[PDB]
Amino acid sequence: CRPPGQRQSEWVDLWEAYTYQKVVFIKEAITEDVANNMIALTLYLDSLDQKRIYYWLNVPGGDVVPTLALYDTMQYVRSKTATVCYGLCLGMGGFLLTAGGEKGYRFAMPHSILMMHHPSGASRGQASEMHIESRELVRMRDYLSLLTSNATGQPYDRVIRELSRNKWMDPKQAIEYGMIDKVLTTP
Amino acid sequence: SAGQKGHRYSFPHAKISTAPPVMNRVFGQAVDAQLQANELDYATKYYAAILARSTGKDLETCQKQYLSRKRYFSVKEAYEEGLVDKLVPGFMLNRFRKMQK
Amino acid sequence: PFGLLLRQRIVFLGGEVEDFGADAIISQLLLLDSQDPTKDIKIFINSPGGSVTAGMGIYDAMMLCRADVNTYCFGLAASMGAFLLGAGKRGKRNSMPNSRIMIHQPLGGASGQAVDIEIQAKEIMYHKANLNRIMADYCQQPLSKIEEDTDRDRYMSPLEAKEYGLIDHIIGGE
Amino acid sequence: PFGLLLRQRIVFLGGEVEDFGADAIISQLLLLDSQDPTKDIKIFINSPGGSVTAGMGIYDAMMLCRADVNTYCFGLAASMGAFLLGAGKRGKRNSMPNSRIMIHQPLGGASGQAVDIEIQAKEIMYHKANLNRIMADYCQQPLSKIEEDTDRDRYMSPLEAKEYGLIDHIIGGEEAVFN
Amino acid sequence: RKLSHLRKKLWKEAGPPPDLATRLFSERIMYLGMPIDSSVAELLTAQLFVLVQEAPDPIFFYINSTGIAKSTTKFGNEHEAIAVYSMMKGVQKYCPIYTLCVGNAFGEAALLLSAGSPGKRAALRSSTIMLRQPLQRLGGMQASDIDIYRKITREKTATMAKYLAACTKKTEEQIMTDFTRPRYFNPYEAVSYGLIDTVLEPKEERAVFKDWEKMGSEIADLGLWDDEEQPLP
Amino acid sequence: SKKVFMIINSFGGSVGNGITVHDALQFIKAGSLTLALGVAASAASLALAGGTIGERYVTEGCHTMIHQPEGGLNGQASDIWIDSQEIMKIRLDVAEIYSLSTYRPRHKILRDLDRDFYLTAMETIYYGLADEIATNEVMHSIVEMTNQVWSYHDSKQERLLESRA
Amino acid sequence: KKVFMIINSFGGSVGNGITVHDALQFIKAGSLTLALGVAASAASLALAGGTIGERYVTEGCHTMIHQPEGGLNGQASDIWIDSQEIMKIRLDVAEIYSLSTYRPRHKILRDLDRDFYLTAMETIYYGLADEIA
Amino acid sequence: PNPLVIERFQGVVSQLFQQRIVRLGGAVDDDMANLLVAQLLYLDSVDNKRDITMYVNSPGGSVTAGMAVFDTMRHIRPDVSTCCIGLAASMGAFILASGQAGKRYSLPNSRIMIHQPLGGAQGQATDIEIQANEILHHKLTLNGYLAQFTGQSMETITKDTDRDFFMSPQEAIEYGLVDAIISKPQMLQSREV
Amino acid sequence: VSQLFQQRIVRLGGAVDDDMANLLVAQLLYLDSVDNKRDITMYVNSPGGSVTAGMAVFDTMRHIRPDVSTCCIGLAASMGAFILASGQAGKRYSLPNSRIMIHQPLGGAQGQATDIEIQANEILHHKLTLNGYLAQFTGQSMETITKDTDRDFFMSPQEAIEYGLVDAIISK
C-alpha cells in the first residue's frame, strides 16, 4: 500500500483516496495512537456529507479503552455505518464488527476468522485501589456483553458463560449466531 | 579570534576556553605514539599561529598563555587580552532602557 | 555469627521476606519446639517488609509451638515484622526506644483475565479482613479505628506504641 | 602460601587498593606489633592505584607500629604505592632494580549541588596539600620542588630515585638498573 | 476575509496534503488525542493563538487521552495542564468553546472538561471521568529539598481544587475527599456533580440495563449446609 | 508591528541555555512581552526577566523557581579546581542579572542561591521578577494585544490571497 | 484491466495468506500470478488463488508447502480451544488447494504433515502452476 | 542471594531429617524432585511403622515433577502425614491431598489453591494438538485423583478447579482437602456483657 | 578475618544495610556474653548507609554494660561518625590523618503525594533525632549542630577533639 494512487487528476495516497470515496481501512492493531486518527476521521466525513460509512478491519487484537473510543463515535454521528470483514478480527476487533449496521449491513468473507472473548486489564499497587480497578473491570465486562446481546439477539446469560472462555467462530456459525448479516460471494 | 579585527562580537555573559587538544583511543606500538605526538605538535603550532596574528603576540607566548592548561576566559578580561573587541551590535539593557524613560 | 546463638533459640528475621527467606525461618522454628517445649524462644525483628503469603507464614508457625515466645524489634519493621512484633503473647513484647514501627496494608498481584483480577481482589480482601481480626486481638482496639490506621502509611514511635497495645515494655526505660 | 609468610611477619599488598582490602592489612599489622615489638616487619607493595581515603589508613598503621618496618617494591607502584614506599624507616627501604615508581596526585569525581562541588573541590586540594607535606619529610627535599614533580605524569626509574631521597638501597648492587 | 482562504487552502495546501491534522485545523476542531507532554502543550497553545484571531466563531474541543502519564509508566509534571487551562479560560468571552468528552478522561483531562463554557460542556454515554491524585512519585534525591516539595504538593492540590470549584460550583474540601482514592465517575451522575452540563444521547438507544438480572432467588433453608463454591456468573 | 511575544514553559534544562535566551531578548530594538505559564525553572526564569520591564506577567498557576547551576565534572586534581571556580562565576552571573533587574541587593539574593526554593505568583511581584499578576482580567488585554500585531501581517496576507485569485 | 503481480516470499504467517487469497477472487476480472524465486506457504495460497490457465512459473522457482505454525502459552483451557484452531486452519488450506489440484483431500494432509518442496517440473503435475515461462 | 544463609538452611533441614521431616522446596521442578524422592526413600531405615511428617510449601511449579513425588508417597510402607504451612499451589495441594486418609493435618491460617495445571505448546500444526492432549490428560488425572481423595463427583472437580480457586482450611475440611486442623486450645477471654 | 573475633574486634566496613546490621549486632550479642568487663574495640570505616540501619546498631551499644571503644579507620561519612560520637567519653579514638564528615543522612520518598509528605515527616523526625542525640554527645548548643548538618563538612582529627567528636588520638 506504499505506492500511491489517483483521485481524479493528481497523485493521492491509497488510504486517502478511499477516504474521499468514504471507505475506511483499518489494517494494524487498535492502539492509543491509531485510535486518535480513526475518531478524528469519523468526525471529518460526518461534517462533509451524510452517507453510509464502510469499515474494513484487519485487527489482530488491541486494548480495551481506545476501542471504546471508536465504538462511541459510531452512535454519536448522524450518518449510517456498515462494517465489512476481510481477513481476521480478533479480540476487541471482533466487537467493532457488531458496532453498527445491524439492519443488514454486516458483511464478511467466507474465510474470515472471528474471535470473541472477555476484555482484560492490569493495574497493581495498593490493595485499596485494587478494589476500585476490579470494579472498573467488572463494569467493563458486563457492559461489553450487553452490547453484544442487543446487536446479535443472543440472551445475556449465554454471553457471560461462553465469552468468558476462548471462543472462535467461522462464517457459517456467524450467520446463525447473529454476529454478521450477509456473506460476501465471489463477485 | 580568527575573524576580522575590530568586529569580534560577543555576548556579555559567555564563556571562552582555550586548551590544547586531545586524541581519541589509539592502540599502537612505541613508534605509533611518536607519530601521534607529531599530530598534536602541529596542532599547537597551527593554533598559536592564529593567536599570534589575532592578539599580536609571539609564537611561544601563545603556547605558554593559552595552549598549556585547560583554563577559561570571561568577557571583560578577554577584551584586554585580545580575544574579543566589542559586544553584539544593537545591544541594550532592559533596565538601561527604563532609565531613559 | 548467627550459628553461635542458634542453640539458645535466637531467630533473626533479616532481609526482605521472600519465598526462600521466610522458609528458612519456618524450618528452624519447628526445630526449637521439638527439642524443648518449656523454655522461651526469642525472635528478633529487622526487616523492611516482604510478601503477603510468606510473611504470614512466620505468624502461624510461631503459634504452632507450645512454648513461650519473646519478640524484639530492631530498627524498622514495615507491615511484616510489625505484624509479627505484636504476634507474641502479652507481657513479653519489648521494643527499643529508637526503633521505627511502620503500619501498612499489604500488596497484591494479578496478570491474567479480568475474572482473574477479581479473584485476586477478594483474595486480598480476605487477607485484609484476616489481619484486622488478628491485630485487634492483642491490642484491645475496636475494628473501626484499626481499619483506618492500616489505610495510610504511619511511622509510629514506641512511646505511643505502648498505649496502642502493639508492644508491652521498652528496653532501657527511656 | 600466604600463611607461611604471615608467621614469618611478611605481608603482601597486591592488587588495587579498596576499602575491603585496606583493613585486612591494618588488622594483621597490629597483630605483629603485639606479638613482637622488636622484630621488623617486611611488606611487599604491588598496586596500580587506589583511593586516597583508604590508602592513608595504611600509612597511619605503619606509623602506629612501634617496631621498624621494611618495604619492598615489585611490579607497579602507581600514585599510592610510591607514597607507601618512602613512608618506611630510613635506611631499610629496598626494591627491585627494575621496578617502576609513579609519583602523581590521586583522582576523584565531583557531582551534585553547587555548594556540594566547592566542598569536595577544596577537600581534594587539602588531600593534595597533605600528601605533599608528608612526602617531603622523609625525602629531604624542598616543598616547592616536590609539589611540581608530582604534577608530571611520568614514571621514575630506580636509578634517579636514590638521589631523589624516596628510596635508600637497591637490591642488586646498583648495577642491574636499566635506563 | 478568511472564509475565501478556507476554500483556497483546502484546494492547495490542506486537501492534497494528506495529513488529517491540517484538515481538522481548518474546520475549527481542536482534538487532544496524544498524552500531554512538552510537545503537546506547546502545540495546543500555538493552535489557540491562531483560532482567536480570524473569527469569533465557536470552536469544537474534543478530549480523548489518559492525561499526562499512566500509572504503569514514567511520571512527569502536572503544570502543563494549568497552562492550557488558563489559556482557554480567557477565550470564553471572546469565542464560544464547545467541549465534548469522547473515549476516556484520566486525571487532568477532566480539568479541561470543566474548562468549557457553561451550557456547552458535554460527554458521551460510556465516558469515564477519573479524579486522580498527581504527580511525581520520584523523590530519591537530597533530603534538604523534600521540605519544599511538601509545599509544592500541598499548594498544587490547593490550586487544582480551586480551579475545579470555580467550574463545578462546589466546596473545595469535597475535591480533596475524591483525591484520596482514584474514584471513577459515571457521566450520567456527573451532571449532578457539576463536571458536565448535559449528556449527548444517540438517535437509537440500544443499551439495555442489567437490573432485570436479579430474578429474586428464595432464601435457603437453615438446616442445609451450603457448599463453598465460588461466585461465578 | 515589531513586537515579540514569547511564551514561557520549562520545568528543567541547563542553566547556560537560559542566559543565551536572556541576551537574545536584550539586543532586540523593539519591546518584548514574556508570559510565564506552568512553571519557571532556571532556564525559564532568565527568559522571563529578559523581556521588557512593564510587560512581564505571571499567572496564578505558574511557579517561579530559582536553581543553582548544575554541572558535570571529571578530571585530574588540577582540572577539578578550574571548572569548579566557573561555578562560582556562574553563581556570580545569575545573581548579577537578578540584582540589576529586580531592584534587590546582591547579598540577599546570594543568601537564596545556596538552597533551591520555589516561588509563588505573589512572591514574584514582591521580589521583582515580574510586574503584574496575570489574572483573568489582564489576560483579555494580552488577547487584544496579539490581535493587532498579527492582523498587521495578516492584512498583507489578505491582499496576497485576493491578488492570486 | 487484468491484475499482474510478482510473487516472492520466503516467510510469514499463513493467516495473511488467507487475506490475500479471498482478495484475488473478489476481483471480477482475471488474475495473472507469476512466481519468482521462493514461494512460501503464504505465497503459494496467492499462487493457487489465481485464475486457472494463467499461473506462470519459471525454471528455477520453488514452492514451499507446509502446515501452519503458532505459539501457545497460558491456562489449560484455551490451549484446547486453540488446538482446534490450528487443526481447522490446516483443514481450511487443504480445501483451498483442493479446488485447483483436483486431488482427494486425504492425500494433501499427508503432504501437509512435513515440509514439502517442489521444483519446476512436478509443480505442473501437482496443479499449483500451469506452464513454464 | 546470600551464600551465608545456605549452610544455616542446610543445617536445620538435616536436623529435621533425623526427626523424619521432609520439605518441598519452592516450585516443583526436576532438581528438587530427585532430591525429595531421595528423602522419602531413606526414612524407612530407622522405622517403617511410625508416620512421616511432610512440610508442604510450594508457590507453583511444573506438572511431571510433582507426579514423581505423588506415586512414591502412596507406595511406601509407613503413612505420610502432610502438613501445609503458608501457601500451597495446585501441585502443592495435590501433594497435601495425596497423604494418608485421616492423617492430613494443617493449620487454619493457610491458603489452599487448586486449578488445572499450567502449560504451553510450541511447534507445527500437529505438534499443537499432541501437546494439548497430554495437558488434557494431565487435567483428567489431576481432577480424577482429587475426586477420589475428597469423595466428590467428577463434575464437581472440573467446575471448581477451572480457574484460580483459593480456600481456607476451615472450609477445606468440608470439601475433603484437609482432614483435621492443628491448633492449641486457647484460654477463654472475658468478653463484654 | 576470623582472628579479630577472638580478640573482641568487630569490623564496620562499607555501607551499612539490613544484612550487615543483623550481622553486626549478632557479634555484639556474643562479645558481652563471654565477658561483661572487657571493652570491645570497633574499627569504623563507612561512607554512609541507610537511616534505620545505622540506628539499629546505635541503641544496642548503649545496652552493653561495659564501655566500648571506637577507632576511626580512614573515613566516616555521615553515618559512621554518629557511631563514633555515641561511644564512651574517654574511649573515642581516631587516627591522626583520618577524616570525619557530618551530614544529614540520605533517603528517598516514593509513593503518593499524600504518602511522600507523611514519610518526609519521618525524615524530619530523623533529623531531630540525629541532631538531638549528637548535641548531647558533643556538649555544644542545639543551633550549631543544625547549622552544619545540612551541607557536607569535613573535620580534621585535630579539630575533632575541641569540637567533641573524638576524645583522643593514637599517635605513639
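Per chain, the count goes from 1 following the written sequence and can depart from the entry's numbering; residues without coordinates do not appear at all. Labels follow written order: the first chain is A, the first ligand is 1, and so on. For clarity, the chains displayed are a part of a larger assembly, and the values are limited to that part. Each side-chain value is worked out from all heavy atoms of the structure, with water and hydrogens disregarded.

Naming follows the PDB entry, where chain E appears as ATP-dependent Clp protease proteolytic subunit of Chlamydomonas reinhardtii. According to its PDB record, this entry is titled "CrClpP-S2c".

Named according to the PDB entry, chain C is ATP-dependent Clp protease proteolytic subunit originating from Chlamydomonas reinhardtii.

Re the sheet that holds strand β2 (residues 32–36) of chain F
All names here are of chain F. Put simply, the test is: By definition, two strands form a pair when at least two bridges between them are found by DSSP. Helix and strand assignments come from DSSP, with helices taken as H or I runs of at least 4 residues and strands as E runs of at least 2, each series counted from the N terminus. Axis definition: a line fitted to C-alpha atoms, limited for helices to the stretch in contact. Angles are taken between N-to-C directions and run from 0 to 180 degrees.
Reading across from one edge, β1-β2-β4-β8 is the order of the 4 strands in this open sheet, with parallel pairing throughout. Single-partner strands in this sheet number two, and they are β1 (4–8) and β8 (132–134). Across this sheet, the average inter-strand angle for adjacent strands is 25°, counted without regard to direction. Where strand β4 (residues 56–59) meets β8, 3 bridges bridge the pair, whose relative direction is parallel. When the bridges of β8 are listed, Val 58 appears paired with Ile 133.

Examining a nonpolar patch on the surface
The condition is simple: Only residues whose relative accessible area exceeds 30% and that form no salt bridge are eligible for patches; like-charged ones are grouped when within 9 Å, while nonpolar side chains (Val, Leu, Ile, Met, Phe, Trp, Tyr) are grouped when within 5 Å. Areas reported as accessible are Shrake-Rupley estimates using a 1.4 Å probe. Residue values count occlusion only from the protein chains shown. What makes a salt bridge here is a side-chain nitrogen of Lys or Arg within 4 Å of a carboxyl oxygen of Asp or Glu, nothing more. Exposed residues in this analysis have more than 50% of their type's maximum accessible area, buried residues have under 20%, and partly exposed residues fall in between, with area computed by a 1.4 Å probe over protein chains only.
A cluster of nonpolar side chains, B:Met92, B:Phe96, B:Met99 and F:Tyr103, forms an exposed patch at the surface whose accessible area comes to about 490 Å². Assessed through its relative accessible area of 64%, F:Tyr103 is described here as exposed.

Let's talk about the arrangement of the chains
Condition: By definition, residues are in contact when any of their heavy atoms lie within 4.5 Å.
Ranked by contact count, the leading pair among the 16 pairs of chains in contact consists of chains A and E. One finds no contact between chain B and chain E; the C-alpha atoms of the two approach each other to within 26 Å at their closest.

Digging into the side chain of H:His115
Here H:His115 shows up in the loop between β5 (111–113) and β6 (119–123). The exposure class assigned to H:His115 is buried, which follows from its relative accessible area of 18%.

Here we look at the interface of chain I and chain E
Accessible area lost on assembly of the parts is the figure often given for the size of an interface. Applicable threshold: Put simply, buried area is how much 1.4 Å-probe accessible surface two parts lose in total, over both of them, once they are put together. Amino acid classes used here: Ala, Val, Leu, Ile, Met, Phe, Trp, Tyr, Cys and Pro are nonpolar; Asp, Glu, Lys and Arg are charged; the rest, including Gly, are polar.
Each partner contributes residues to the interface: chain I has 17 residues there, and chain E has 14 residues. Summed over both partners, the interface of chain I with chain E buries about 1,300 Å², with 52% contributed by carbon and sulfur atoms. Where chain I meets chain E, there are 0 salt bridges. Among the residues making up the side of chain I that touches chain E, the classes are represented as 7 nonpolar, 8 polar and 2 charged.

A short note on helix α5 (residues 146–168) of chain E
Note: α-helices contain 3.6 residues per turn, so residues at a spacing of three or four share the same orientation. For clarity, the threshold we go by: Expected helix span is computed as 1.5 Å times (number of residues minus one).
With 23 residues, α5(E) extends 33 Å between its outermost C-alpha atoms, agreeing within 8% with the 33 Å of an ideal straight helix rising 1.5 Å per residue. After α5(E) finishes, the residue E:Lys169 shows a positive phi value of roughly 55°.

Observations regarding the sheet that holds strand β7 (residues 106–108) of chain A
All names here are of chain A. Taken together, the 5 strands give an open sheet; going across it, the order is β3-β4-β5-β7-β10, and neighbouring strands pair in parallel fashion. Unpaired on one side and paired on the other, β3 (23–26) and β10 (182–183) mark the two borders of the sheet. Pairing between β3 and strand β4 (residues 53–57): 4 bridges, direction parallel. Looking at β4, one finds that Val 24 is bridged to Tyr 55. The sheet contacts of helix α2 (residues 32–48) involve β3 and β4, and relative to β3 the element is tilted by about 175°.

Let's talk about the packing of aromatic side chains
All names here are of chain H. The criterion, for reference: Aromatic rings from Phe, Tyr and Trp, with only the six-membered ring used for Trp, were paired whenever their centres fell within 6.5 Å, and each pair was classed as stacked if the ring planes differed by under 30 degrees, edge-to-face if by over 60, and tilted otherwise.
The final tally for this structure, using the stated rule, is 35 aromatic pairs over all chains. Ring centres of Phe 70 and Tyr 145 lie 4.7 Å apart, and the angle between their planes is 70°; on these two criteria the pair is classed as edge-to-face. With a gap of 75 residues between them, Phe 70 in helix α3 (residues 64–73) and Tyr 145 in helix α5 (residues 125–150) connect regions that are remote in the sequence. On the basis of relative accessibility, which here comes to 4%, the residue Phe 70 falls in the buried class.

Thoughts on the packing of helix α3 (residues 51–62) of chain I against helix α5 (residues 113–138) of chain I
Residue and element names in this part refer to chain I. Keep this limit in mind: Less than a right angle of anticlockwise turn of the near helix away from the far helix marks a crossing as left-handed, whereas a clockwise turn marks it as right-handed.
The geometry of α3 relative to α5 is characterised by a closest axis approach of 13 Å and an angle of 35° between their N-to-C directions. Where α3 crosses over α5, the two elements pack in a sense that is left-handed. Contact with α3, carried on its side by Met 55, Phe 58 and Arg 62, involves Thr 129, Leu 130, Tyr 133 and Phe 137 of α5 and no other residues of that element.

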